[PDB]
Amino acid sequence: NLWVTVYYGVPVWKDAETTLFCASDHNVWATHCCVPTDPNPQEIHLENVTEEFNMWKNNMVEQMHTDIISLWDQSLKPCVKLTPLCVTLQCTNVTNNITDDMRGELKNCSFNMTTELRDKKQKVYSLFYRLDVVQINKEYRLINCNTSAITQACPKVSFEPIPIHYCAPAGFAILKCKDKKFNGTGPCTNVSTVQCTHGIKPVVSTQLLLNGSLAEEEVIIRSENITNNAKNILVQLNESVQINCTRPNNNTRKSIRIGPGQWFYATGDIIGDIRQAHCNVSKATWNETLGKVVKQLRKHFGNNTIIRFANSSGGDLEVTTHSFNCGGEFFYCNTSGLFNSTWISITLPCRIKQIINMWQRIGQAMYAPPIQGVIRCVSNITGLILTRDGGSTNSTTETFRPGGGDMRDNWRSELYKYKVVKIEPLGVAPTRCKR
Amino acid sequence: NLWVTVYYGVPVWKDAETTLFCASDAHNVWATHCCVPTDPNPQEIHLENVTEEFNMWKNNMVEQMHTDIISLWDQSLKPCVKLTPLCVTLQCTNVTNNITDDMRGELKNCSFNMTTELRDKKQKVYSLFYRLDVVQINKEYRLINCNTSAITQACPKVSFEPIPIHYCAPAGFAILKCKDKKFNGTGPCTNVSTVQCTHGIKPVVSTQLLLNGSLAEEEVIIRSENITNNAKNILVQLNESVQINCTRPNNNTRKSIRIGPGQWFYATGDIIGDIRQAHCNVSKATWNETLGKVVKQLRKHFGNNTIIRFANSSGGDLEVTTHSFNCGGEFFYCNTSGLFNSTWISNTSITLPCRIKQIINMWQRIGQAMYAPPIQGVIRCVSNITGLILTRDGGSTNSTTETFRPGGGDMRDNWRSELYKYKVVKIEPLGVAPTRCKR
Amino acid sequence: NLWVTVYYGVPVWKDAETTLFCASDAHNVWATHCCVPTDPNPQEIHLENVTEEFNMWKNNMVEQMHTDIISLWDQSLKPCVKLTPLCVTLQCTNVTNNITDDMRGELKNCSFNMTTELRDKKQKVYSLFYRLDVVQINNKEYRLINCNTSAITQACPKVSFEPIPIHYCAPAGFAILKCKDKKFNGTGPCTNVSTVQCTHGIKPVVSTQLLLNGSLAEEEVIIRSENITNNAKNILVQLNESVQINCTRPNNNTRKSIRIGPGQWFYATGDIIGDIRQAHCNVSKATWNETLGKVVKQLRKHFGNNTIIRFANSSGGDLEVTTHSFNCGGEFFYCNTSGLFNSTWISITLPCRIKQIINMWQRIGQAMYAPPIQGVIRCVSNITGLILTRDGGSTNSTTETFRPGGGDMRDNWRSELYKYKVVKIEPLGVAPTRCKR
Amino acid sequence: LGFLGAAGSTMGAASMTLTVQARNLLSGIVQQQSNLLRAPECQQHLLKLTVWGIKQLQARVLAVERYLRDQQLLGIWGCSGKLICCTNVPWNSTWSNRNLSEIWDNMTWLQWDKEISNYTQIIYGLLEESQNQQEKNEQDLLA
Amino acid sequence: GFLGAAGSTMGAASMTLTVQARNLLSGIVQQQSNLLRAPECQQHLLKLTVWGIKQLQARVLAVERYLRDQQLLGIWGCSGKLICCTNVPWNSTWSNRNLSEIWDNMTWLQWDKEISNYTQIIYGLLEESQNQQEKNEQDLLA
Amino acid sequence: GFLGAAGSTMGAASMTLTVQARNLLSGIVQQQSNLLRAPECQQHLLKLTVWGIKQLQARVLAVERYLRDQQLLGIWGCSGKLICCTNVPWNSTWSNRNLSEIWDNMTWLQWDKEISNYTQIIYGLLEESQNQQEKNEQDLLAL
Ligand SMILES: *[C@@H]1O[C@H](CO)[C@@H](O[C@@H]2O[C@H](CO)[C@@H](O[C@@H]3O[C@H](CO[C@H]4O[C@H](CO)[C@@H](O)[C@H](O)[C@@H]4O)[C@@H](O)[C@H](O[C@H]4O[C@H](CO)[C@@H](O)[C@H](O)[C@@H]4O)[C@@H]3O)[C@H](O)[C@H]2NC(C)=O)[C@H](O)[C@H]1NC(C)=O
Ligand SMILES: *[C@@H]1O[C@H](CO)[C@@H](O[C@@H]2O[C@H](CO)[C@@H](O[C@@H]3O[C@H](CO[C@H]4O[C@H](CO)[C@@H](O)[C@H](O)[C@@H]4O)[C@@H](O)[C@H](O[C@H]4O[C@H](CO)[C@@H](O)[C@H](O)[C@@H]4O)[C@@H]3O)[C@H](O)[C@H]2NC(C)=O)[C@H](O)[C@H]1NC(C)=O
Ligand SMILES: *[C@@H]1O[C@H](CO)[C@@H](O[C@@H]2O[C@H](CO)[C@@H](O)[C@H](O)[C@H]2NC(C)=O)[C@H](O)[C@H]1NC(C)=O
Ligand SMILES: *[C@@H]1O[C@H](CO)[C@@H](O)[C@H](O)[C@H]1NC(C)=O
Ligand SMILES: *[C@@H]1O[C@H](CO)[C@@H](O)[C@H](O)[C@H]1NC(C)=O
Ligand SMILES: *[C@@H]1O[C@H](CO)[C@@H](O)[C@H](O)[C@H]1NC(C)=O
Ligand SMILES: *[C@@H]1O[C@H](CO)[C@@H](O)[C@H](O)[C@H]1NC(C)=O
Ligand SMILES: *[C@@H]1O[C@H](CO)[C@@H](O)[C@H](O)[C@H]1NC(C)=O
Ligand SMILES: *[C@@H]1O[C@H](CO)[C@@H](O)[C@H](O)[C@H]1NC(C)=O
Ligand SMILES: *[C@@H]1O[C@H](CO)[C@@H](O)[C@H](O)[C@H]1NC(C)=O
Ligand SMILES: *[C@@H]1O[C@H](CO)[C@@H](O)[C@H](O)[C@H]1NC(C)=O
Ligand SMILES: *[C@@H]1O[C@H](CO)[C@@H](O)[C@H](O)[C@H]1NC(C)=O
Ligand SMILES: *[C@@H]1O[C@H](CO)[C@@H](O)[C@H](O)[C@H]1NC(C)=O
Ligand SMILES: *[C@@H]1O[C@H](CO)[C@@H](O)[C@H](O)[C@H]1NC(C)=O
């Protein structure tokens, strides 16, 4: 004698793709994320719920990627163009107490640029890094003149990352995996529901993962397909590895009018001696840390396999070096000193570049205005992006190299524990009751 | 003692004006902006015992289609490079290289000083231009648009080839379709049905002769807002198509000139081989038979013994006096006088030369212009003539004859000719009636 | 025996912020935007028994009018030709042809090299300029005043920035209340409140020291200010009668069209026909005298019944501050008002200057160039209110001094919007009853 | 039969499909979004079309607003939740000087709407008043 | 009119609840009817992207507010009525006043202020009573 | 208690149906209230044409999903109810169980796999039943 009952308000969810909204506690992210988070998120423990997660197919990553690029372009949208600087430069060597390094890295370039009046020109000069200057056949071109427009970032604008929270719109919920040592895929048995994710800083890096969540309990290695050497491996460490970076040269600036209220910020003379930029990694910490990674890697390959580390392969600087954005300055750090040992203080030199093709796009080049004084950076290495070597039969030794370069993985590593579902409150069930 | 009863969901509709949305069949501008898929199996619902009034001349679906096209068009040029750096004095001479007499003077070789990627350097370049795009100063020439508009280069990766487009009603609306044979644009229609979307109409843009449209069933149909009014157009829908073969025989090459930091200009290079005139072929017998059918229909309104004449076009520029043909992305201006050179008396292969032009003021809107980059190799197009746009010469008020001439130029008529059978209505679900029932 | 009854449709409301809709009535900039007409018969409701509290100084309707007028203004400039190509060295001499004494040194004849429609060609042209917009480099070479700061955009020659009374209408769920109090204080409880669909028609008139073409304070001269004892707060004085002011630009001007690019046209001031005379405004002396006497009688209520009150001229600063900024026919007149505020209580001719390159809404980095008007200009306007500021006064308890103030555009709207308030309607509520389910 | 199937059928006969139009008028909205979801990578392109995006939102909003206004009105008349309801307002016979049989039969809803279109607001006002009185009476009887 | 006799006392005000109730949505639909008085200018208004977005936001918010309130009445078992008798008793702490002064002398504006501290309390009480009533109905029907 | 007891037996889980019903529209309004807490920041989102459109689409879709379900319940004669019963028998081949085998420590999340593809069949049946009952009242009220 069972009859149909129609129920509304049923606690059932289904996987869904919706748009999430940014939440925050002249900074770009901070200004754009107006909604303020709930100071005390009402996390719900879900008793007797098993759910399947898949970090490699998680669309939350795609939204973070899209929002970052869009906001990036928006903040630069109203800024002065540097088209007037795409002229022949007359460059000579800088000779001011320069140390053994950087012998060819810093140049003194003069050029003919217009003034506010369209019928007059001025001769000005500025310093450039060799990475952005191309020889023609003393005569040099800016490196991006043959490909794209170069714009200047507005000097007041800050890109310093702030922990940004992604929140579900009403009608949706974010489920999260609390299992310790979660694989990144498959069923998770310790789960809960949240309205907003933890805040994630949109940190930009290419080889090491910086300022992310630190793994609980042990080093965790996650991959889409461990036997496929075409895939990146995301390694999350369970202890931080402090890194100290600097750009020791004392800079100054000059502001040049290039048009009617239009200004260019040029790099001025270096005050005092000229020294090379670099990063410090504690040697002992790195040694032990890498050994921990190896033990964890062996779990997937065998107890008789040697793991060798090696440096990066060829390619663009965004690939071959570890890109690091600090103070708005762009560093390109040589990490070969971190991947030299074979598992039977480290100084990393860094170069400075100002015209940056930040994304995988080529038509939008941005010029990072110079920074005065000197800078110091302190950060937490929380993980690695690694790849396997090519095919072979000798399993005795495997070689791993720095991978990455695809920034979506920098968010995948934080969003791996979250899933978005929609709620469908309506459904039916039998009961001993009829009209 | 009858009572008022109230119903919700009553199947009653009223004429209404709403915005329809674009849907497409399972880098082409028409497709990249029409993402909604169509239903592979649209459901046409016959409405038994419904008579409804249609009026193609007051159909706002036409206005929407027109507006949507213009908007789409502008959004397709917006992201590409402006060619204002090319508005310089040109040093031009005639091309004198194996040119047929018919093309002499129609193609010029122009060199000029243009800037290069650096703001402090110039380069000397040269390219070929068609006569129609270049105007003499006072060897010194300028482009025709240099004093009136900025010209934008069409995007080299964007296709403009027409794709059948379906217009679909938003919820709350329905599109009614007229199925009557011989419906001629106005008044009651008795064979009607309801659809979710229109069939796919290719947004073909042309003047004088309509191409690749719906073909009439049964008889040739002549539709006009008045017929009697010499100020109005006549749209003639044919019941048999006429095949037309168009070509641009010259083997072209293209060069790409760097003009700025990420900007490239596409220039016409030298012609490989002989230089010949572009043209279109129409079978003569087919055309003569087709036209005679049109004449039989005209007599229904103008008389047995009223001589019917087909004359040439009137004055005006090439968007008016010649056929406008857009194919391969190339722009042809074809001389149709060879199609309308006869007098028909009651009870008793054609080659059309064409001109090529690269500066296009496509929508009769002035102040903007598109530059059509060259196409390499040669092109050939085969299409169906499905209808004619004609006007009456009103000079002959009291006469023994009437003269018809090619007309048009108002793009809305090109869609009016396809949308004539569709109407948009709004559904109004509430209503009341008497009843035997009371609370 | 008391039960909760829930009601929907309860006539109560709360102070609230919402964006209002702009409507008009039957190539003007406001006519184009406020397309939708108001209801031809917007009958008000008299809310008998209802007393509402108002605060004209915190009225957010003012902020919207400010934001909307600026936005529409900018979008009416945006689509037209930039004058960047004209920021070149000018070769200027004095116009000495048919000059009266008052105009000596004010009208300049400048020649310059500007482009033609082809990128390879230049043309030498000349035009006239007013001294106010031209700055000397280091005696023949001059620059336009904004070359060192901003881009100048030419206003669209067809657009008429002629004030149209416009009406602001509540969105559904909201209502506009207005108080018909002939003696309204500016703040606090106010009686005779009616509810309307839209506000009355308020013209977007731009001015500084003198408020033109507004309402006339019903029956009495009214003094209103936020924090009246604070001399730093502007005093809005509303008059009970209008004072008519007649302004003119006596010179018969011509204009020339110069092609500056493909479809791009620059409008330059051409030669002037007839004598060169100074622009000016005429105010009836007797009417003005009588008007100030009434104002002082009222000012004394806050300063002392035997206090001596002086009207002084303006202070220093930009012309938008020191003069009466008057927009008429599309040209901008900066009129000397010191002749209006030169008396102590116990026909007047105001000379005017003409400026073409302007920086409206107290902003920098952008500028508008006003194409010249051919022929002559004759303006007739109504002075409906004044904006005053008061001296600190030191330790002077015997006399007091007022000066023309204003310059903050929001003050030009408070003068009309002060009687209006917007509230949110809240249909739900409960009350005790005698029924239970 | 179809969305407007049997449009030419009589008023009485047409009551059999009353549910079909009532539901399709609202549910077609979600299906249209489900059609866009075929290719999110194409829809993201359309989101850059500022004017197109505004027009589509206006269209969806209006479909909702139309729907809600009618539902509110049915609630005002005391017919919420019903497709068919009866009231306390008699038929005048001035609105239409016809008998019941000749209206429910041998007449379609399209024809009927034209015949009595002049009394639409009159009837609606009467219906509101009837409900106004009924609710007061219910409160007073419960009291 | 739209507010009607806002200054009248509560008992009189209750006569026009319907007029007020319908105004939120009829006003919105009429706003579209007003735009349609000149359909040819809409294309000139749509260029003003910010004005376009603000008007959409205004309409969306009005709809959301409407629906939230209607749902709430449904939650309390008051859907379909302008006047809803309930099973929750009135507390003298909310208002220590008789059903004489409240209905005949006080206005809704005055009343609203008097009990403004209890709105969220009363609403929670109404929700609980309705939750219990529905389950009880199902068992009785069974 | 948004989705609390989601893993509990359906019979017990039903105690919070009321919360879930409220959560959608309450959440929509409060989220808008939260954004408007800081107009100084919020006004800059008007420059993000794309976010303007995306958020409006999200809000509109949530509303549309809400109305769809409410209309459907109204059609079925369940307007205003969270646990309504109909006069349509529970077909045995849907679950092939007894009642305690439905509520045999089985959650709603699990129940979804049991209904599977029977969902549209049952929805059609529910509308058909109401159509007949409504018609019956239309004539029963006229005696
Ligand atoms: C009325 O309707 C007819 C069709 O029924 C239209 O005619 C067609 O028009 C289109 C567009 O101009 C023609 O499309 C082109 O076809 C070329 C054919 O090449 C063949 O041979 C080469 C040999 O190397 C093969 O590689 C190729 O696959 C074919 O088998 C293509 O080469 C053209 O390609 C160009 O555009 C694409 C764009 O995606 C580029 O990627 C290419 O690099 C290249 O630039 C193109 O596809 C079609 O052939 C015509 N059909 C007929 C029968 O002629 C009429 O135009 C239409 N009338 C009006 C007014 O609209
Ligand atoms: C306070 O309120 C007053 C009253 O409204 C405003 O004063 C009016 O301002 C308008 C606009 O400037 C004046 O109208 C203009 O008059 C010009 C002079 O020609 C007139 O006289 C000749 C005969 O000699 C007639 O043939 C002609 O039709 C006019 O009646 C016209 O040339 C102007 O037209 C041109 O410009 C307008 C711009 O909108 C274009 O639309 C026209 O097509 C044309 O190109 C225009 O008609 C009006 O005369 C003034 N009234 C008085 C009494 O002086 C004040 O400006 C306002 N004060 C403030 C501060 O806002
Ligand atoms: C209006 O013009 C008069 C000019 O007579 C200005 O008064 C002059 O002010 C300067 C500055 O202190 C004095 O040096 C002059 O002596 C004054 N003129 C006289 C009479 O000698 C007055 O300031 C102007 N006011 C405005 C509103 O611009
Ligand atoms: C100038 O710099 C280059 C490196 O770019 C170096 O090879 C060359 O020797 C330097 N010339 C002088 C004179 O120092
Ligand atoms: C964990 O990841 C590996 C790939 O590295 C995969 O083969 C395995 O199935 C995953 N475990 C689960 C529960 O999904
Ligand atoms: C990190 O994990 C390793 C084993 O993988 C363990 O030896 C080490 O102590 C852990 N560090 C912590 C969490 O202190
Ligand atoms: C430290 O480095 C040496 C040299 O590679 C290596 O033999 C040793 O195992 C490392 N110790 C650890 C485990 O950190
Ligand atoms: C055809 O057009 C004429 C007017 O020229 C009109 O009288 C007639 O009813 C129309 N007939 C059809 C079937 O469209
Ligand atoms: C055309 O028909 C219309 C009526 O539809 C009429 O007003 C008009 O005068 C007619 N024109 C001619 C030329 O007869
Ligand atoms: C309103 O009156 C009070 C005195 O009761 C006064 O202090 C206040 O300044 C007045 N408000 C205005 C705007 O003048
Ligand atoms: C303003 O009020 C004064 C004093 O009552 C009066 O003399 C004067 O005429 C009034 N203004 C008007 C409207 O004329
Ligand atoms: C202003 O002009 C009018 C005529 O338009 C004249 O009657 C009046 O006296 C003039 N006012 C002054 C102060 O000159
Ligand atoms: C249309 O009319 C015929 C009789 O002429 C009738 O048999 C048929 O049922 C009617 N159609 C509808 C949908 O009622
Ligand atoms: C019927 O309608 C007529 C026309 O308005 C009216 O005069 C008459 O009083 C109405 N009958 C009723 C319902 O009393």
# chains A, B, ... in the order shown; residues from 1 in each chain; ligands from 1
>>> select_by_dssp(residues="stretch 70-102 of chain D", states="alpha helix (DSSP H)", output="PyMOL selection string")
chain D and resi 70-76+101-102
>>> residues_around(residues="stretch 90-105 of chain E", least_positions_apart="5", cutoff="7 Å", atoms="only C-alpha atoms", output="list in words")
residues 2, 3, 4 and 432 of chain C; 9, 10, 11, 115 and 118 of chain E
>>> write_last_selection(atoms="N, CA, C and O atoms", output="PDB file, in the first residue's frame")
ATOM      1  N   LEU C   2      -4.504  36.838  22.314  1.00  0.00           N
ATOM      2  CA  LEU C   2      -3.892  37.648  21.286  1.00  0.00           C
ATOM      3  C   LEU C   2      -3.112  36.741  20.384  1.00  0.00           C
ATOM      4  O   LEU C   2      -2.265  35.991  20.861  1.00  0.00           O
ATOM      5  N   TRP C   3      -3.364  36.821  19.094  1.00  0.00           N
ATOM      6  CA  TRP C   3      -2.686  35.957  18.124  1.00  0.00           C
ATOM      7  C   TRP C   3      -1.921  36.739  17.076  1.00  0.00           C
ATOM      8  O   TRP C   3      -2.278  37.866  16.771  1.00  0.00           O
ATOM      9  N   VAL C   4      -0.837  36.179  16.552  1.00  0.00           N
ATOM     10  CA  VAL C   4      -0.084  36.871  15.515  1.00  0.00           C
ATOM     11  C   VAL C   4      -0.729  36.757  14.144  1.00  0.00           C
ATOM     12  O   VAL C   4      -0.886  35.655  13.621  1.00  0.00           O
ATOM     13  N   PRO C 432      -1.198  41.874  16.510  1.00  0.00           N
ATOM     14  CA  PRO C 432      -2.040  40.976  17.260  1.00  0.00           C
ATOM     15  C   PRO C 432      -3.475  41.045  16.782  1.00  0.00           C
ATOM     16  O   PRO C 432      -3.961  42.130  16.461  1.00  0.00           O
TER      17      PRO C 432
ATOM     18  N   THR E   9      -5.294  54.878  10.392  1.00  0.00           N
ATOM     19  CA  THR E   9      -4.950  53.894  11.385  1.00  0.00           C
ATOM     20  C   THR E   9      -4.998  52.501  10.782  1.00  0.00           C
ATOM     21  O   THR E   9      -5.589  52.288   9.714  1.00  0.00           O
ATOM     22  N   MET E  10      -4.411  51.552  11.492  1.00  0.00           N
ATOM     23  CA  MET E  10      -4.198  50.202  10.996  1.00  0.00           C
ATOM     24  C   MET E  10      -5.441  49.502  10.494  1.00  0.00           C
ATOM     25  O   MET E  10      -5.405  48.850   9.440  1.00  0.00           O
ATOM     26  N   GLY E  11      -6.543  49.641  11.205  1.00  0.00           N
ATOM     27  CA  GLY E  11      -7.757  48.987  10.775  1.00  0.00           C
ATOM     28  C   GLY E  11      -8.242  49.470   9.413  1.00  0.00           C
ATOM     29  O   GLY E  11      -8.807  48.693   8.643  1.00  0.00           O
ATOM     30  N   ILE E 115       7.341  47.846  17.497  1.00  0.00           N
ATOM     31  CA  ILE E 115       7.759  46.457  17.635  1.00  0.00           C
ATOM     32  C   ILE E 115       8.919  46.072  16.730  1.00  0.00           C
ATOM     33  O   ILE E 115       9.114  44.886  16.431  1.00  0.00           O
ATOM     34  N   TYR E 118      11.449  42.800  17.279  1.00  0.00           N
ATOM     35  CA  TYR E 118      10.963  41.417  17.333  1.00  0.00           C
ATOM     36  C   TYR E 118      10.711  40.750  16.000  1.00  0.00           C
ATOM     37  O   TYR E 118      10.354  39.575  15.959  1.00  0.00           O
TER      38      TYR E 118
END
>>> residues_around(residues="residue A:22", least_positions_apart="2", cutoff="12 Å", atoms="only C-alpha atoms", output="PyMOL selection string")
(chain A and resi 19-20+24-25+29-37+60+63-64+67-68+71+162-169+195-200) or (chain F and resi 31+35+45+51+55)
>>> write_last_selection(atoms="N, CA and C atoms", output="compact mmCIF listing (two decimals), in the first residue's frame")
# COMPACT_ATOMS: atom_id res chain seq x y z
N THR A 19 29.43 29.27 -12.18
CA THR A 19 30.40 30.32 -11.95
C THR A 19 30.48 30.66 -10.48
N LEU A 20 31.69 30.67 -9.96
CA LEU A 20 31.93 31.01 -8.58
C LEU A 20 32.30 32.45 -8.48
N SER A 24 37.00 38.58 -0.53
CA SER A 24 38.26 39.08 0.06
C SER A 24 38.03 39.50 1.52
N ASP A 25 39.10 39.52 2.32
CA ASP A 25 38.99 39.93 3.75
C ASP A 25 38.25 41.27 3.83
N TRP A 29 43.82 42.42 -7.16
CA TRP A 29 42.89 41.37 -6.67
C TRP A 29 42.00 41.94 -5.58
N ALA A 30 42.61 42.66 -4.64
CA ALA A 30 41.86 43.15 -3.47
C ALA A 30 40.74 44.09 -3.94
N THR A 31 41.07 45.00 -4.86
CA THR A 31 40.06 45.97 -5.36
C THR A 31 38.95 45.20 -6.08
N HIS A 32 39.31 44.16 -6.84
CA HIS A 32 38.30 43.49 -7.70
C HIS A 32 37.42 42.53 -6.89
N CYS A 33 37.94 41.98 -5.79
CA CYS A 33 37.12 41.07 -4.93
C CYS A 33 36.43 41.88 -3.84
N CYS A 34 35.39 42.62 -4.20
CA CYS A 34 34.66 43.50 -3.24
C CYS A 34 33.93 42.71 -2.15
N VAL A 35 33.30 41.58 -2.50
CA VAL A 35 32.47 40.86 -1.48
C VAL A 35 33.37 40.46 -0.31
N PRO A 36 32.94 40.67 0.95
CA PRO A 36 33.72 40.28 2.12
C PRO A 36 33.32 38.88 2.58
N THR A 37 34.29 38.04 2.95
CA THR A 37 33.98 36.68 3.33
C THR A 37 33.28 36.68 4.66
N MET A 60 37.16 24.32 -11.34
CA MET A 60 37.39 25.47 -10.49
C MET A 60 38.73 26.05 -10.88
N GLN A 63 38.26 28.32 -13.85
CA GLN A 63 37.77 29.63 -13.53
C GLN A 63 38.83 30.48 -12.91
N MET A 64 39.65 29.92 -12.03
CA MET A 64 40.65 30.78 -11.43
C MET A 64 41.58 31.30 -12.50
N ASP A 67 39.79 34.10 -14.44
CA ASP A 67 39.65 35.33 -13.69
C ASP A 67 40.96 36.03 -13.54
N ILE A 68 42.04 35.30 -13.35
CA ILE A 68 43.29 35.98 -13.19
C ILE A 68 43.69 36.67 -14.45
N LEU A 71 41.42 39.76 -14.96
CA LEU A 71 41.69 40.87 -14.08
C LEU A 71 43.01 41.49 -14.39
N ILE A 162 46.94 38.43 -2.38
CA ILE A 162 46.11 38.44 -1.19
C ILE A 162 45.36 37.16 -1.29
N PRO A 163 45.22 36.36 -0.18
CA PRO A 163 44.41 35.10 -0.08
C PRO A 163 43.00 35.39 -0.60
N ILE A 164 42.67 34.88 -1.78
CA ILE A 164 41.34 35.14 -2.39
C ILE A 164 40.49 33.88 -2.23
N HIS A 165 39.25 34.07 -1.78
CA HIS A 165 38.31 33.00 -1.38
C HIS A 165 37.31 32.75 -2.51
N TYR A 166 37.12 31.50 -2.97
CA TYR A 166 36.06 31.31 -3.95
C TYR A 166 34.84 30.76 -3.27
N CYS A 167 33.69 31.40 -3.53
CA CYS A 167 32.42 31.16 -2.87
C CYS A 167 31.34 30.74 -3.87
N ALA A 168 30.51 29.80 -3.43
CA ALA A 168 29.43 29.34 -4.26
C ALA A 168 28.28 30.34 -4.24
N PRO A 169 27.58 30.52 -5.35
CA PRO A 169 26.37 31.28 -5.44
C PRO A 169 25.30 30.45 -4.80
N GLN A 195 30.82 27.01 2.25
CA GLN A 195 30.30 28.06 1.40
C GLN A 195 31.40 28.69 0.51
N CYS A 196 32.63 28.79 1.07
CA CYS A 196 33.82 29.38 0.48
C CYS A 196 35.01 28.47 0.76
N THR A 197 35.96 28.48 -0.16
CA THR A 197 37.22 27.76 -0.02
C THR A 197 38.10 28.58 0.88
N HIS A 198 39.24 28.02 1.27
CA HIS A 198 40.19 28.77 2.05
C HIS A 198 40.74 29.79 1.11
N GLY A 199 41.40 30.80 1.62
CA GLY A 199 41.89 31.75 0.65
C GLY A 199 43.14 31.22 0.00
N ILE A 200 43.25 31.40 -1.29
CA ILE A 200 44.43 31.00 -2.02
C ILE A 200 45.11 32.18 -2.61
N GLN F 31 23.45 37.42 -0.19
CA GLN F 31 24.69 37.62 -0.92
C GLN F 31 24.70 39.01 -1.55
N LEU F 35 27.43 42.14 -0.74
CA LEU F 35 28.24 42.89 -1.69
C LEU F 35 28.08 44.39 -1.48
N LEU F 45 33.00 47.23 -10.01
CA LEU F 45 32.68 46.00 -10.68
C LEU F 45 31.84 46.34 -11.87
N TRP F 51 31.99 40.44 -15.71
CA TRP F 51 31.52 39.95 -14.42
C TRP F 51 30.10 40.41 -14.21
N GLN F 55 27.47 37.50 -13.36
CA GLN F 55 26.74 37.43 -12.12
C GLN F 55 25.27 37.57 -12.37
>>> interface_residues(of="chain A", to="chain F", cutoff="6 Å", atoms="only C-alpha atoms", output="PyMOL selection string")
chain A and resi 2-12+34-35+47-49+170-171+430+434-435
>>> interface_residues(of="chain C", to="chain E", cutoff="7 Å", atoms="only C-alpha atoms", output="PyMOL selection string")
chain C and resi 2-12+33+35-36+45+47-50+172-173+432+435-437
>>> select_by_dssp(residues="stretch 6-113 of chain F", states="strand (DSSP E or B)", output="MDAnalysis selection string")
chainID F and resid 83:89
